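Worksheet: one structure, shown below.
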Amino acid sequence: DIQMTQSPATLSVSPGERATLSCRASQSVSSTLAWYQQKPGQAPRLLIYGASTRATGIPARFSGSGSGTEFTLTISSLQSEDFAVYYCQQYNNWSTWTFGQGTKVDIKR
Amino acid sequence: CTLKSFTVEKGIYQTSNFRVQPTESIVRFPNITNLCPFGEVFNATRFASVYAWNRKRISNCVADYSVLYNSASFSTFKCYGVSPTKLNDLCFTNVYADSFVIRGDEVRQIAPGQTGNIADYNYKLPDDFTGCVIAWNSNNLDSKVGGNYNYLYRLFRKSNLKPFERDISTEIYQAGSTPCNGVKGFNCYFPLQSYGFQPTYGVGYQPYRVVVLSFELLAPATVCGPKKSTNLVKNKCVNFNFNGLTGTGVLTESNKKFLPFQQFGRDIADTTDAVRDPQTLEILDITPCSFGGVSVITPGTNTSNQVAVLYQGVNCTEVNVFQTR
Amino acid sequence: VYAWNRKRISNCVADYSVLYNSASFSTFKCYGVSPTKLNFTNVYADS
Amino acid sequence: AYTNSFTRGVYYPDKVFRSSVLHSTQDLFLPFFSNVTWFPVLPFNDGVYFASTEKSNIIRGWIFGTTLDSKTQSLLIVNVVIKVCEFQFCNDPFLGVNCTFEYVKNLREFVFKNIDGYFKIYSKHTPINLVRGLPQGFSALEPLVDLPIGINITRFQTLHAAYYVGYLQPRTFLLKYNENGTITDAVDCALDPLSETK
Amino acid sequence: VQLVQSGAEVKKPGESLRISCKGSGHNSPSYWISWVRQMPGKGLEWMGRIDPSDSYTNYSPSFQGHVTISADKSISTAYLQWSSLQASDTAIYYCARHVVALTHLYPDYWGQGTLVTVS
Ligand SMILES: *[C@@H]1O[C@H](CO)[C@@H](O[C@@H]2O[C@H](CO)[C@@H](O[C@@H]3O[C@H](CO)[C@@H](O)[C@H](O)[C@@H]3O)[C@H](O)[C@H]2NC(C)=O)[C@H](O)[C@H]1NC(C)=O
Ligand SMILES: *[C@@H]1O[C@H](CO)[C@@H](O[C@@H]2O[C@H](CO)[C@@H](O)[C@H](O)[C@H]2NC(C)=O)[C@H](O)[C@H]1NC(C)=O
Ligand SMILES: *[C@@H]1O[C@H](CO)[C@@H](O)[C@H](O)[C@H]1NC(C)=O
Ligand SMILES: *[C@@H]1O[C@H](CO)[C@@H](O)[C@H](O)[C@H]1NC(C)=O
């Protein structure tokens with residue numbers, strides 16, 4: 001399988017700042033990566049797919065980048081409704097879809 | 001202008017040709033209510049191996065090739081025997097949609113009369129192929145890190161494949177003198193070989209999904225392009241497009257009764273003398289619109305410039321008039 | 001191998017059937033031409 | 001057991017209508033004056049011509065299975081019911097006294113030909129008085145049904161009335177359509193020098 | 001585009017169970033419906049996926065011989081079935097879709113999830 005590892009485990013960012021999350025794969029996954037948002041008590045919501053394309057209906061402040069084994073999710077101008085757990089899942093067609101452990105975004109203090 | 005001389009001597013000169021010009025146009029396609037399933041063939045999760053290429057039959061539906069032509073995703077769309085732009089109108093008595101996957105450098109091998117391993121042992125088109133070939137890179141779907149060996153291809157085919165022939169045989173190819181009896185080894189090789197599609201390979205080895213649309217043009221049209229059927233007009237010189245058959249003539253009621261199977265009838269002239277309207281099974285005969293030779297009868301220009309005219313082999317209707325034989 | 005020899009075969013008639021039929025060749029791989037259809041403007045043999 | 005086929009193997013090649021026109025067509029036709037078996041499973045071969053003398057419509061229909069063990073789909077016409085399902089037939093199918101299509105004293109002629117994966121079922125029904133064999137009277141078969149099934153089609157069998165099996169071959173056939181769009185005669189351009197001259 | 005799952009289930013250990021998830025508005029008959037497990041305090045973990053038209057499964061190695069995923073394209077439904085339930089199976093199971101866009105894939109909808117309690 002292709003293990004997915006995210007970083008950091010948890011962070012703390014004040015509103016208006018820029019949050020950064022990293023995702024690493026064991027072996028390349030080209031660009032078949034997707035970032036999700038799972039607010040407490042809510043089902044996961046897609047944010048970025050293809051490692052760079054923003055899902056329709058999502059605020060433009062979210063952005064994805066990277067390629068190969070390393071990918072990054074950037075949340076510019078963090079908002080009060082952006083506090084959730086973000087995962088990175090690869091969906092290579094002829095392969096088992098693996099999942100990362102996730103990263104938690106909280107209020108800086 | 002015909003004589004190319006200013007002076008015209010006495011006589012009759014066949015100056016011009018008089019053609020009754022049609023004013024109205026009629027378009028009547030089959031009144032079919034359905035959309036042909038292009039997405040299922042194209043938007044498919046996984047494609048079959050080239051050696052075992054899949055075939056779908058599209059029928060009893062209204063096709064719209066405008067979307068496929070307009071789409072920019074298709075890397076290479078090459079139509080032989082038909083214009084991709086004009087596909088919107090042509091009807092088809094039968095449509096085949098072949099699907100498979102090859103590598104980029106093999107895309108050329110999928111062409112009428114082409115040669116090579118793919119064309120010779122996997123998928124061969126006839127010399128008179130009448131269809132389109134649409135190929136698009138599938139490096140994001142048919143390639144994995146470490147090599148996607150799901151897709152196969154026939155390499156050592158004892159018998160060269162005939163056009164539109166699929167060979168799924170897995171018999172060990174006996175390339176030597178002694179037989180194999182289903183036992184592999186030297187001079188005994190498995191006929192199929194796998195593409196190890198990897199995302200890091202060059203475009204030449206990168207996967208490509210290929211769809212071949214083969215059309216049969218003749219019989220009732222199961223599939224026709226998108227069009228708006230209009231009301232027909234009896235007894236009028238008009239253009240007409242019946243089931244994709246294009247013509248210009250008078251559409252008249254015909255006493256002659258076609259056989260139930262018969263759709264298009266042609267006489268010794270081989271022209272479509274009569275047609276069967278798709279909306280209603282009414283046999284409409286077609287007669288060429290009145291055509292003749294305008295012969296200018298002129299006395300010598302020296303004597304005068306008054307000139308008479310003779311429309312040949314026409315009645316004094318379509319044109320101090322004299323009707324003669 | 002660092003000083004691999006090269007012979008040129010020319011002005012003769014080549015028969016590759018014997019080479020292919022040989023069962024003592026542990027490896028025999030052809031690139032760009034099938035060995036069956038070998039029956040060329042120049043031939044090189046590196047050893 | 002064989003009998004003369006006479007000239008009772010002519011059908012309409014195309015759907016075109018040709019009034020009072022002699023037309024030349026190079027196509028699969030039953031050879032004229034060719035021995036035909038007189039009545040198991042019969043291979044489809046190039047073509048098939050089946051003539052039934054069932055006065056009471058005894059023959060319900062036919063089956064078309066090359067594998068003969070239900071592995072492959074088979075046409076099932078029974079009498080009018082037509083089905084193209086993957087039927088599981090018995091070892092000796094008969095009638096007692098994944099479907100892709102479904103439709104619901106006397107001599108009955110049918111021509112079965114599979115070309116480009118297209119099944120064609122032509123028919124001709126006429127009163128007869130000669131029990132022994134096919135009458136030596138010219139007849140035509142209009143296309144009863146045409147199903148572009150696309151199946152392989154290499155063998156067939158009947159359902160139970162003697163019957164015959166002929167074969168079609170490429171034969172340039174001069175066909176004489178009459179004013180009523182009816183074929184009254186036909187010439188096989190390879191029967192003999194006289195036919196070639198005609 | 002819409003997926004509807006079944007209601008929450010409570011079963012004793014060892015009892016068989018099957019949860020359903022009906023899809024609609026799919027691009028073509030050949031899509032990818034997949035199941036994902038989520039324990040109360042754990043993270044997301046892929047289990048398997050099917051293409052109902054082909055009914056071809058790709059069970060995860062950690063879930064191969066633990067659950068069976070089936071589909072019925074006539075009703076466009078997918079089913080996740082436990083032959084024998086255990087306390088560890090207590091979790092929320094979601095069904096997601098992955099449509100094909102010629103060039104690449106695209107996940108459109110995410111199921112609301114069904115809570116299963118084995119006790
Ligand atoms: C296979 O599935 C993909 C994914 O849905 C299809 O791509 C989509 O195709 C539609 C049209 O068929 C595109 O909509 C177009 O939008 C533009 C405006 O951007 C509009 O001007 C057009 O008239 C049309 O409505 C849609 O953008 C496109 N999606 C993507 C992500 O590119 C594809 O058409 C499907 N192919 C088959 C053969 O089913
Ligand atoms: C499909 O039809 C072809 C043509 O009739 C069959 O080819 C025959 O195959 C058998 C064994 O597979 C051979 O013994 C014959 O010699 C083949 N015929 C010819 C003309 O070469 C083929 O078997 C059929 N396939 C199925 C599944 O029925
Ligand atoms: C010409 O038309 C008139 C009436 O339209 C008809 O009486 C006459 O027979 C026609 N003659 C020819 C030669 O068509
Ligand atoms: C054509 O058939 C009809 C009835 O079948 C008959 O009345 C007519 O006379 C036939 N044609 C000729 C030229 O007799």
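Labeling convention for the structure tokens: chains A, B, ... as they appear, residues from 1 per chain, ligands from 1 in order of appearance.
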Residue 31 (chain D): which residues within 12 Å, counting only C-alpha atoms, same-chain residues fewer than 5 positions away excluded, as a PyMOL selection string?
chain D and resi 4-10+36+47-49+166-173+186-192
Region 2-160 of chain D: residues DSSP assigns to strand (DSSP E or B), reported as a count of residues only
65
12 Å contacts from chain C to chain B using only C-alpha atoms, as a PyMOL selection string:
chain C and resi 17-18+20-28+32-37
Just write the chosen residues, N, CA and C atoms, as a tab-separated table (two decimals), in the first residue's frame.
chain	number	residue	atom	x	y	z
C	17	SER	N	18.83	-18.90	-39.89
C	17	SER	CA	17.99	-20.00	-39.44
C	17	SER	C	18.75	-20.90	-38.47
C	18	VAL	N	20.02	-21.19	-38.77
C	18	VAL	CA	20.80	-22.05	-37.89
C	18	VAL	C	20.96	-21.42	-36.51
C	20	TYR	N	18.99	-19.21	-34.94
C	20	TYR	CA	17.73	-19.24	-34.21
C	20	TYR	C	17.39	-20.65	-33.75
C	21	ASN	N	17.61	-21.65	-34.62
C	21	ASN	CA	17.24	-23.01	-34.28
C	21	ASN	C	18.08	-23.56	-33.13
C	22	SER	N	19.26	-22.99	-32.90
C	22	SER	CA	20.14	-23.49	-31.85
C	22	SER	C	19.44	-23.44	-30.50
C	23	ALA	N	19.50	-24.54	-29.76
C	23	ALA	CA	18.91	-24.65	-28.44
C	23	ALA	C	19.90	-24.39	-27.32
C	24	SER	N	21.14	-24.02	-27.66
C	24	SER	CA	22.19	-23.80	-26.67
C	24	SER	C	22.35	-22.32	-26.32
C	25	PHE	N	21.48	-21.46	-26.84
C	25	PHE	CA	21.54	-20.03	-26.56
C	25	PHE	C	20.60	-19.73	-25.40
C	26	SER	N	21.18	-19.41	-24.24
C	26	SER	CA	20.38	-19.10	-23.07
C	26	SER	C	19.61	-17.79	-23.23
C	27	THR	N	20.13	-16.86	-24.03
C	27	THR	CA	19.45	-15.59	-24.27
C	27	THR	C	19.52	-15.26	-25.75
C	28	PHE	N	18.38	-14.92	-26.34
C	28	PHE	CA	18.33	-14.48	-27.73
C	28	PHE	C	17.19	-13.50	-27.92
C	32	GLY	N	13.72	-4.31	-32.76
C	32	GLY	CA	13.48	-3.66	-34.03
C	32	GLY	C	13.32	-4.60	-35.21
C	33	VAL	N	13.48	-5.90	-35.01
C	33	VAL	CA	13.27	-6.88	-36.07
C	33	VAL	C	12.98	-8.24	-35.45
C	34	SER	N	11.98	-8.93	-35.98
C	34	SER	CA	11.68	-10.27	-35.50
C	34	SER	C	12.71	-11.26	-36.04
C	35	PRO	N	13.22	-12.16	-35.20
C	35	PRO	CA	14.21	-13.13	-35.70
C	35	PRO	C	13.67	-14.02	-36.81
C	36	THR	N	12.36	-14.27	-36.84
C	36	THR	CA	11.80	-15.16	-37.85
C	36	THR	C	11.99	-14.59	-39.25
C	37	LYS	N	11.81	-13.28	-39.42
C	37	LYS	CA	11.82	-12.64	-40.73
C	37	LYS	C	13.20	-12.11	-41.10
Using only C-alpha atoms and all ligand atoms, which residues have at least one atom no more than 9 Å from ligand 2? Output them as a compact mmCIF listing (two decimals) with C-alpha atoms, in the first residue's frame.
# COMPACT_ATOMS: atom_id res chain seq x y z
CA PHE D 44 -25.25 -23.16 -40.35
CA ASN D 45 -22.38 -23.05 -42.85
CA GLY D 65 -26.76 -22.49 -30.71
CA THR D 66 -23.20 -23.19 -31.82
CA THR D 67 -22.04 -24.47 -28.43
CA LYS D 71 -22.86 -21.59 -23.04
CA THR D 72 -23.60 -19.05 -25.79
CA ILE D 151 -23.97 -13.36 -32.82
CA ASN D 152 -21.42 -15.80 -34.19
CA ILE D 153 -23.99 -18.28 -35.52
CA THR D 154 -22.31 -21.49 -36.71
CA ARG D 155 -24.97 -24.14 -35.98
To check your reading of the model: which residues sit at most 7 Å from ligand 3 when counting only C-alpha atoms and all ligand atoms? Write the answer as a PyMOL selection string.
chain B and resi 314-317
For the residues in the current selection, export N, CA and C atoms as an mmCIF file, in the first residue's frame.
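Okay, again.cif is ready:
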data_model
loop_
_atom_site.group_PDB
_atom_site.id
_atom_site.type_symbol
_atom_site.label_atom_id
_atom_site.label_comp_id
_atom_site.auth_asym_id
_atom_site.auth_seq_id
_atom_site.Cartn_x
_atom_site.Cartn_y
_atom_site.Cartn_z
ATOM 1 N N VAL B 314 -40.581 21.454 -72.181
ATOM 2 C CA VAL B 314 -41.320 21.902 -71.011
ATOM 3 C C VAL B 314 -42.653 22.468 -71.468
ATOM 4 N N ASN B 315 -43.622 22.420 -70.565
ATOM 5 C CA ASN B 315 -44.912 23.044 -70.789
ATOM 6 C C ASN B 315 -44.808 24.546 -70.548
ATOM 7 N N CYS B 316 -45.768 25.291 -71.092
ATOM 8 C CA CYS B 316 -45.768 26.737 -70.906
ATOM 9 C C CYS B 316 -46.333 27.099 -69.539
ATOM 10 N N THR B 317 -45.820 26.460 -68.489
ATOM 11 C CA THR B 317 -46.297 26.698 -67.134
ATOM 12 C C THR B 317 -45.176 27.214 -66.241
#
Skip residue 29 (chain A) itself and residues of its chain fewer than 3 positions away, then list as JSON, numbers by chain all residues within 9 Å of it, counting only C-alpha atoms.
{"A": [2, 25, 26, 32, 33, 67, 68, 69, 90, 91, 92], "B": [144, 145, 199]}
8 Å contact set for residue 59 (chain E), only C-alpha atoms, chain neighbours under 6 positions out, as a PyMOL selection string:
(chain A and resi 96) or (chain E and resi 47-49)
Write to file, as a JSON list (two decimals), in the first residue's frame, the residues of the selection just made, with N, CA and C atoms.
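And here's out_3.json as it stands now:
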[["chain", "number", "residue", "atom", "x", "y", "z"],
["A", 96, "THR", "N", -5.31, 0.29, -4.03],
["A", 96, "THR", "CA", -6.08, 0.50, -2.82],
["A", 96, "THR", "C", -5.98, 1.96, -2.39],
["E", 47, "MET", "N", -12.20, 1.12, 2.93],
["E", 47, "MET", "CA", -12.52, -0.30, 3.02],
["E", 47, "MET", "C", -12.55, -0.97, 1.66],
["E", 48, "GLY", "N", -13.35, -0.45, 0.72],
["E", 48, "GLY", "CA", -13.46, -1.07, -0.59],
["E", 48, "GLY", "C", -14.32, -0.22, -1.49],
["E", 49, "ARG", "N", -14.40, -0.64, -2.75],
["E", 49, "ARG", "CA", -15.21, 0.06, -3.74],
["E", 49, "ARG", "C", -15.71, -0.92, -4.78]]
Near-ligand residues for ligand 4, threshold 9 Å, only C-alpha atoms and all ligand atoms, as a VMD selection string
chain D and resid 178 to 182
Would you work out the distance separating CA of residue 86 (chain B) from CA of residue 263 (chain B), expressed in Å to one decimal?
24.1 Å
Counting only C-alpha atoms and all ligand atoms, which residues in chain B sit no more than 9 Å from ligand 1? For each one, give the nearest pair of atoms and the distance in Å, sorted by chain then residue number, as CSV.
residue,atom,partner,partner_atom_place_in_ligand_line,distance
B:37,CA,ligand 1,39 (O),7.8
B:38,CA,ligand 1,38 (C),5.0
B:39,CA,ligand 1,39 (O),3.0
B:40,CA,ligand 1,39 (O),6.6
B:41,CA,ligand 1,38 (C),7.4
B:42,CA,ligand 1,38 (C),5.0
B:43,CA,ligand 1,1 (C),4.8
B:44,CA,ligand 1,1 (C),8.5
B:67,CA,ligand 1,12 (O),6.3
B:68,CA,ligand 1,38 (C),6.7
B:71,CA,ligand 1,34 (O),7.2
B:73,CA,ligand 1,32 (O),8.1
Could you pull the residues within 9 Å of region 1-5 of chain C, counting only C-alpha atoms, minus those fewer than 4 positions along the same chain, as a list in words?
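Within the cut-off, the hits are residues 45, 46 and 47 of chain C.
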Residues as selected, C-alpha atoms, written as a short mmCIF file (atom, residue, chain, number, x, y, z; two decimals), in the first residue's frame, can you do that?
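Listed below is the output, selection-v8.cif:
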data_model
loop_
_atom_site.label_atom_id
_atom_site.label_comp_id
_atom_site.auth_asym_id
_atom_site.auth_seq_id
_atom_site.Cartn_x
_atom_site.Cartn_y
_atom_site.Cartn_z
CA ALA C 45 28.93 -8.65 -35.01
CA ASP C 46 30.26 -7.43 -31.66
CA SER C 47 31.64 -10.12 -29.35
#
Under the rule of at most 9 Å, produce a per-residue listing of chain B near chain A: chain, number, name, the closest pair of atoms, and the distance in Å, as JSON lines, using only C-alpha atoms.
{"residue": "B:45", "atom": "CA", "partner": "A:93", "partner_atom": "CA", "distance": 8.3}
{"residue": "B:46", "atom": "CA", "partner": "A:93", "partner_atom": "CA", "distance": 8.7}
{"residue": "B:140", "atom": "CA", "partner": "A:32", "partner_atom": "CA", "distance": 7.5}
{"residue": "B:141", "atom": "CA", "partner": "A:93", "partner_atom": "CA", "distance": 5.6}
{"residue": "B:142", "atom": "CA", "partner": "A:93", "partner_atom": "CA", "distance": 7.1}
{"residue": "B:143", "atom": "CA", "partner": "A:94", "partner_atom": "CA", "distance": 7.8}
{"residue": "B:144", "atom": "CA", "partner": "A:94", "partner_atom": "CA", "distance": 6.8}
{"residue": "B:145", "atom": "CA", "partner": "A:28", "partner_atom": "CA", "distance": 6.4}
{"residue": "B:148", "atom": "CA", "partner": "A:94", "partner_atom": "CA", "distance": 7.2}
{"residue": "B:150", "atom": "CA", "partner": "A:94", "partner_atom": "CA", "distance": 8.3}
{"residue": "B:199", "atom": "CA", "partner": "A:30", "partner_atom": "CA", "distance": 7.0}
{"residue": "B:200", "atom": "CA", "partner": "A:30", "partner_atom": "CA", "distance": 8.9}
Take the residues from that selection and write them out as a PDB file, in the first residue's frame, keeping N, CA, C and O atoms.
ATOM      1  N   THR B  45     -15.015   3.377 -16.051  1.00  0.00           N
ATOM      2  CA  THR B  45     -13.948   3.295 -15.059  1.00  0.00           C
ATOM      3  C   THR B  45     -12.719   2.586 -15.613  1.00  0.00           C
ATOM      4  O   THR B  45     -11.588   3.049 -15.425  1.00  0.00           O
ATOM      5  N   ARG B  46     -12.918   1.465 -16.301  1.00  0.00           N
ATOM      6  CA  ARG B  46     -11.807   0.656 -16.776  1.00  0.00           C
ATOM      7  C   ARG B  46     -12.107   0.170 -18.183  1.00  0.00           C
ATOM      8  O   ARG B  46     -13.247  -0.181 -18.497  1.00  0.00           O
ATOM      9  N   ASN B 140      -3.580   9.363 -16.135  1.00  0.00           N
ATOM     10  CA  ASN B 140      -4.105   9.571 -14.795  1.00  0.00           C
ATOM     11  C   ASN B 140      -5.067   8.474 -14.362  1.00  0.00           C
ATOM     12  O   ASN B 140      -5.520   8.490 -13.213  1.00  0.00           O
ATOM     13  N   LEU B 141      -5.388   7.528 -15.243  1.00  0.00           N
ATOM     14  CA  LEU B 141      -6.333   6.465 -14.935  1.00  0.00           C
ATOM     15  C   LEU B 141      -5.794   5.066 -15.184  1.00  0.00           C
ATOM     16  O   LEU B 141      -6.198   4.136 -14.481  1.00  0.00           O
ATOM     17  N   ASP B 142      -4.895   4.888 -16.154  1.00  0.00           N
ATOM     18  CA  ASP B 142      -4.446   3.560 -16.557  1.00  0.00           C
ATOM     19  C   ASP B 142      -2.964   3.345 -16.269  1.00  0.00           C
ATOM     20  O   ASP B 142      -2.352   2.445 -16.852  1.00  0.00           O
ATOM     21  N   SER B 143      -2.377   4.150 -15.388  1.00  0.00           N
ATOM     22  CA  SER B 143      -0.976   4.019 -15.014  1.00  0.00           C
ATOM     23  C   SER B 143      -0.855   4.115 -13.503  1.00  0.00           C
ATOM     24  O   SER B 143      -1.488   4.975 -12.881  1.00  0.00           O
ATOM     25  N   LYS B 144      -0.048   3.236 -12.917  1.00  0.00           N
ATOM     26  CA  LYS B 144       0.228   3.250 -11.489  1.00  0.00           C
ATOM     27  C   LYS B 144       1.732   3.225 -11.262  1.00  0.00           C
ATOM     28  O   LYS B 144       2.497   2.758 -12.111  1.00  0.00           O
ATOM     29  N   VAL B 145       2.152   3.734 -10.105  1.00  0.00           N
ATOM     30  CA  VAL B 145       3.550   3.617  -9.715  1.00  0.00           C
ATOM     31  C   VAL B 145       3.876   2.145  -9.508  1.00  0.00           C
ATOM     32  O   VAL B 145       3.178   1.434  -8.772  1.00  0.00           O
ATOM     33  N   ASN B 148       1.197  -0.624 -14.163  1.00  0.00           N
ATOM     34  CA  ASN B 148      -0.148  -1.184 -14.240  1.00  0.00           C
ATOM     35  C   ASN B 148      -0.158  -2.247 -15.330  1.00  0.00           C
ATOM     36  O   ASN B 148      -0.178  -1.923 -16.522  1.00  0.00           O
ATOM     37  N   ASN B 150      -2.547  -4.461 -15.830  1.00  0.00           N
ATOM     38  CA  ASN B 150      -3.894  -4.932 -16.122  1.00  0.00           C
ATOM     39  C   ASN B 150      -4.129  -5.079 -17.619  1.00  0.00           C
ATOM     40  O   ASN B 150      -4.776  -6.039 -18.052  1.00  0.00           O
ATOM     41  N   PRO B 199       3.533   5.953 -14.391  1.00  0.00           N
ATOM     42  CA  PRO B 199       3.375   7.393 -14.652  1.00  0.00           C
ATOM     43  C   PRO B 199       4.649   8.080 -15.112  1.00  0.00           C
ATOM     44  O   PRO B 199       4.564   9.178 -15.675  1.00  0.00           O
ATOM     45  N   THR B 200       5.815   7.477 -14.903  1.00  0.00           N
ATOM     46  CA  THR B 200       7.085   8.096 -15.254  1.00  0.00           C
ATOM     47  C   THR B 200       7.529   7.781 -16.675  1.00  0.00           C
ATOM     48  O   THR B 200       8.544   8.322 -17.125  1.00  0.00           O
TER      49      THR B 200
END
Residue neighbourhood region 5-21 of chain E, 10 Å, only C-alpha atoms, exclusion window fewer than 4 positions, as an MDAnalysis selection string
chainID E and resid 33 35 67:71 76:90 92:96 111:119
Could you save those same residues with N, CA and C atoms as a short mmCIF file (atom, residue, chain, number, x, y, z; two decimals), in the first residue's frame?
data_model
loop_
_atom_site.label_atom_id
_atom_site.label_comp_id
_atom_site.auth_asym_id
_atom_site.auth_seq_id
_atom_site.Cartn_x
_atom_site.Cartn_y
_atom_site.Cartn_z
N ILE E 33 -18.42 3.44 -6.31
CA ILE E 33 -18.99 3.66 -4.99
C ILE E 33 -18.16 2.91 -3.95
N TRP E 35 -16.85 2.41 0.35
CA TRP E 35 -17.23 2.46 1.75
C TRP E 35 -16.03 2.87 2.61
N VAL E 67 -15.56 -8.17 5.48
CA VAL E 67 -16.85 -7.68 5.01
C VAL E 67 -17.00 -8.01 3.53
N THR E 68 -18.25 -8.02 3.07
CA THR E 68 -18.57 -8.26 1.67
C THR E 68 -19.33 -7.05 1.13
N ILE E 69 -18.87 -6.52 0.00
CA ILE E 69 -19.52 -5.38 -0.64
C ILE E 69 -20.14 -5.85 -1.94
N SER E 70 -21.44 -5.59 -2.10
CA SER E 70 -22.20 -6.00 -3.27
C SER E 70 -22.93 -4.79 -3.83
N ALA E 71 -23.56 -4.99 -4.99
CA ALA E 71 -24.28 -3.90 -5.63
C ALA E 71 -25.41 -4.46 -6.48
N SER E 76 -29.58 0.77 -8.41
CA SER E 76 -28.43 1.65 -8.21
C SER E 76 -28.07 1.75 -6.73
N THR E 77 -27.98 0.59 -6.09
CA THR E 77 -27.73 0.50 -4.65
C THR E 77 -26.46 -0.30 -4.40
N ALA E 78 -25.73 0.08 -3.35
CA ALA E 78 -24.58 -0.68 -2.87
C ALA E 78 -24.86 -1.16 -1.46
N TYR E 79 -24.30 -2.32 -1.12
CA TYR E 79 -24.53 -2.95 0.17
C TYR E 79 -23.20 -3.37 0.79
N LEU E 80 -23.07 -3.10 2.09
CA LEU E 80 -21.92 -3.54 2.88
C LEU E 80 -22.44 -4.49 3.94
N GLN E 81 -21.89 -5.71 3.96
CA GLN E 81 -22.45 -6.80 4.74
C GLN E 81 -21.39 -7.43 5.63
N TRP E 82 -21.75 -7.63 6.89
CA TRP E 82 -20.99 -8.41 7.85
C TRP E 82 -21.68 -9.74 8.06
N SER E 83 -20.94 -10.83 7.84
CA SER E 83 -21.46 -12.16 8.15
C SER E 83 -21.51 -12.40 9.66
N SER E 84 -20.49 -11.93 10.38
CA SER E 84 -20.43 -12.05 11.83
C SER E 84 -19.90 -10.74 12.39
N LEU E 85 -20.72 -10.07 13.19
CA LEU E 85 -20.36 -8.78 13.76
C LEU E 85 -19.59 -8.96 15.07
N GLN E 86 -18.70 -8.01 15.34
CA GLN E 86 -17.95 -7.97 16.58
C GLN E 86 -17.96 -6.55 17.12
N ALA E 87 -17.62 -6.43 18.41
CA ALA E 87 -17.67 -5.13 19.07
C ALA E 87 -16.79 -4.11 18.35
N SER E 88 -15.68 -4.56 17.75
CA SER E 88 -14.80 -3.63 17.06
C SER E 88 -15.46 -2.99 15.85
N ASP E 89 -16.52 -3.60 15.31
CA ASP E 89 -17.20 -3.06 14.14
C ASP E 89 -18.05 -1.84 14.47
N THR E 90 -18.24 -1.52 15.75
CA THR E 90 -19.03 -0.36 16.13
C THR E 90 -18.40 0.92 15.62
N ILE E 92 -19.12 4.47 12.43
CA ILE E 92 -19.94 5.11 11.41
C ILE E 92 -19.37 4.77 10.05
N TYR E 93 -20.22 4.29 9.15
CA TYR E 93 -19.80 3.87 7.82
C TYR E 93 -20.44 4.78 6.78
N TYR E 94 -19.61 5.39 5.95
CA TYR E 94 -20.05 6.30 4.90
C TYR E 94 -19.85 5.66 3.53
N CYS E 95 -20.71 6.04 2.59
CA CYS E 95 -20.56 5.67 1.19
C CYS E 95 -20.29 6.92 0.37
N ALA E 96 -19.21 6.89 -0.40
CA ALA E 96 -18.83 8.00 -1.27
C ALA E 96 -18.80 7.51 -2.71
N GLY E 111 -21.69 10.28 1.48
CA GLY E 111 -22.85 9.83 2.22
C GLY E 111 -22.87 10.41 3.62
N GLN E 112 -24.08 10.55 4.16
CA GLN E 112 -24.23 11.06 5.52
C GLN E 112 -23.70 10.09 6.56
N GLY E 113 -23.62 8.80 6.24
CA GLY E 113 -23.10 7.81 7.15
C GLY E 113 -24.20 7.10 7.92
N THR E 114 -23.89 5.88 8.35
CA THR E 114 -24.78 5.07 9.17
C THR E 114 -24.00 4.58 10.38
N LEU E 115 -24.56 4.77 11.57
CA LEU E 115 -23.92 4.34 12.80
C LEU E 115 -24.31 2.91 13.11
N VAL E 116 -23.31 2.05 13.33
CA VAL E 116 -23.52 0.65 13.67
C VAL E 116 -22.93 0.42 15.05
N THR E 117 -23.72 -0.19 15.93
CA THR E 117 -23.32 -0.46 17.31
C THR E 117 -23.43 -1.97 17.54
N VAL E 118 -22.29 -2.63 17.70
CA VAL E 118 -22.24 -4.06 17.98
C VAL E 118 -22.06 -4.23 19.48
N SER E 119 -23.12 -4.69 20.15
CA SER E 119 -23.08 -4.88 21.60
C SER E 119 -24.19 -5.83 22.04
#
Tell me which protein, DNA and RNA residues are within 8 Å of residue 25 (chain E), counting only C-alpha atoms, leaving out same-chain ones fewer than 2 positions away, and put them as a ChimeraX atom specification.
/E:1-2,23,27
Could those residues be written to a file, using C-alpha atoms, as a compact mmCIF listing (two decimals), in the first residue's frame?
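Resulting contents of result-v4.txt:
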# COMPACT_ATOMS: atom_id res chain seq x y z
CA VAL E 1 -26.03 13.57 -7.61
CA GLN E 2 -27.38 12.06 -4.39
CA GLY E 23 -27.11 6.42 -5.53
CA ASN E 27 -22.52 10.35 -15.02
Minimum-distance residue to residue 157 (chain D), chosen among D:80, D:141, D:85, D:41 (using only C-alpha atoms)
D:41
